[PDB]
Every structure is written in C-alpha cells, then in structure tokens.
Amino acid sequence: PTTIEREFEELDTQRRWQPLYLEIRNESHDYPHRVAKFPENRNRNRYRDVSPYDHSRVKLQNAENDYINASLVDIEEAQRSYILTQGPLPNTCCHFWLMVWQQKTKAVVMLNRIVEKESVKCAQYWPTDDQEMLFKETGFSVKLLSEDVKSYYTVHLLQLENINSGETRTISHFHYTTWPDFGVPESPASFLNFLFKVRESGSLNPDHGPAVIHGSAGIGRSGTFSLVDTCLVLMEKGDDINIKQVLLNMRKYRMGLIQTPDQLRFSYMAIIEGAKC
C-alpha cells in the first residue's frame, strides 16, 4: 500500500500517465475473436471495435446461436471472476437475462446511463415501475422489487423468473449514475463506497456465479471497476501487486480494459485509498 502511493506520486510529478498508458497499449496482445464477426452476429454487437475473444467469451448454453458480447474475466490469484458485457441491445436483452440465469449471477453492476451525450448506450432492460418486463425470446420475466436511490447511484432489487420452470431469483442491480463514458468517477471516495456496497451484498463471492459488470461497451469504466476490486483483493490477501501486470493479465480476457490514462490514474488513487480501509 505504501509502495503504490510512492509510485503514483512519481507518475504525477513527472507527468508520465500518458506514456505509461501508451506502454500498456503496446504490451497488450490481440487474441482471435472470429466468432464476433460472423455475419449473423452483427446485430448482437454494439461497437465494431469491441469484441470478446473466442477463448473467453461467455457462451449462451443450449442456444442455436450461443453468441453474446460478453467476456469471463477471471483472476485465480484473487478468487475473483466477473462477466464484462456491452450494454444490451433491444434484441439482446433476452440473451443478457438468459446469461444472468445460466451463470447463476447474483448482481449486475451498471456504470453507464441509458443515454450519454445524446446517444442511447443501453436498452431499458429492467422495468422502472411495477409493470412486468417480458423477454419471450428466451422465456424470462423481470419485475421490480425494490429501489433505493442515492445522489450518485441507485440499487434495484429485481425478481428474475424462468417462465418455463416458474423458478425465481432476486438480482441486485447496482447502478452508478454519475460516471461519464471515457471519464472517471467524481471522487475515489464515492467510487469506493459504491464498490463496498456491491461487496457487502456478497455478490462478488465465490459461492455465487460471476457478477455481470457492464457500461456501454463494457471496457473502460467496467475495466476500472474490476481492476480496483481485484487489486484490493490481492493486497488484502497479502500479495505484492503490480497494477500494470494485473491489468495486462485482465486484458487477455477482454480487449482494451481501462480506456484512458485518466482512468488508469483514477484506478491508482482508488486502490491506494481503498487499501487504507
């Protein structure tokens, strides 16, 4: 904890955050992602520059087209596993809830707004009122159980139902509402508080399926969330951590996590402050 604060201060005074982030870009390797570019998958992708690698993509089980824009990002050293996905499209919200069910997910972490700078970045895939939301394509319904609104985030409790079996599960929907795309949270403090609420629910624990983390692309803010959570686990287990090394290993699972130098710098501060807790 003392060492990463020393490193951050070196990068600040010498103003080397952009060269550092550019060095991580160059050391990130490309892996095959041929399935994302199948013709019949082009309406399942939000962005043409954001595809899951063939070796780590989440597959819809027992589906004729198993493809969803989702990556299982796994860190064995930390016992941490997350699914990072794009903001679902109107036609993939059914696949998204099918994924949440098959993986036994307990929480969805949403870091984006439905509309950002006059572009819809995500479909309304949960209901805002008491009307049930139906996904006939995959046989799931979503109903709103509870809503707790705060100034920079909201938590929803949703009832996800498998209409075919009648079975039901409660999904915690943690929605960060003041985090701009390609930008940073307002405060490391506000961010850390949000992370700790997601942790306190147990939704990141190994006795559950991987949590679903998404923004609009599931890359920038989503990578920052997972990078900070993971490196708080590693320090907590007593491990010495190289953040650049942790982030490079994570990028083997999904391309281009952490999208700006500022996002990388913010990840350092949040890791340093979260350690003091």
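Just count from 1 along the sequence shown to find any residue number.
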Practice prompt. Report the stretch with the higher mean CA temperature factor, choosing between 66-74 and 26-34 on the basis of the entry.
Written response: 26-34
Discussion item. Averaging CA B factors per stretch from the PDB record, which one is higher: 144-152 or 201-209?
Written reply: 201-209
Practice prompt. Go through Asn112, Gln124, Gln86, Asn164 one by one and give the residue whose Cα B-factor in the PDB entry is largest.
Written response: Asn164
Discussion item. Is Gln131 in the lowest, middle or highest third of its chain when residues are ranked by C-alpha B-factor?
Written reply: middle
Fill in: Third assignment of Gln103 from its chain's C-alpha B-factors
lowest
Practice prompt. Going by the recorded CA B-factors, say which third of the chain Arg221 sits in, lowest, middle or highest.
Written response: lowest
Practice prompt. Taking the chain's C-alpha temperature factors as the reference, tell me which third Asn249 falls into: lowest, middle or highest.
Written response: highest
Practice prompt. Looking at the entry's B-factor column for C-alpha atoms only, identify whether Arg80 ranks in the lowest, middle or highest third of its chain.
Written response: highest
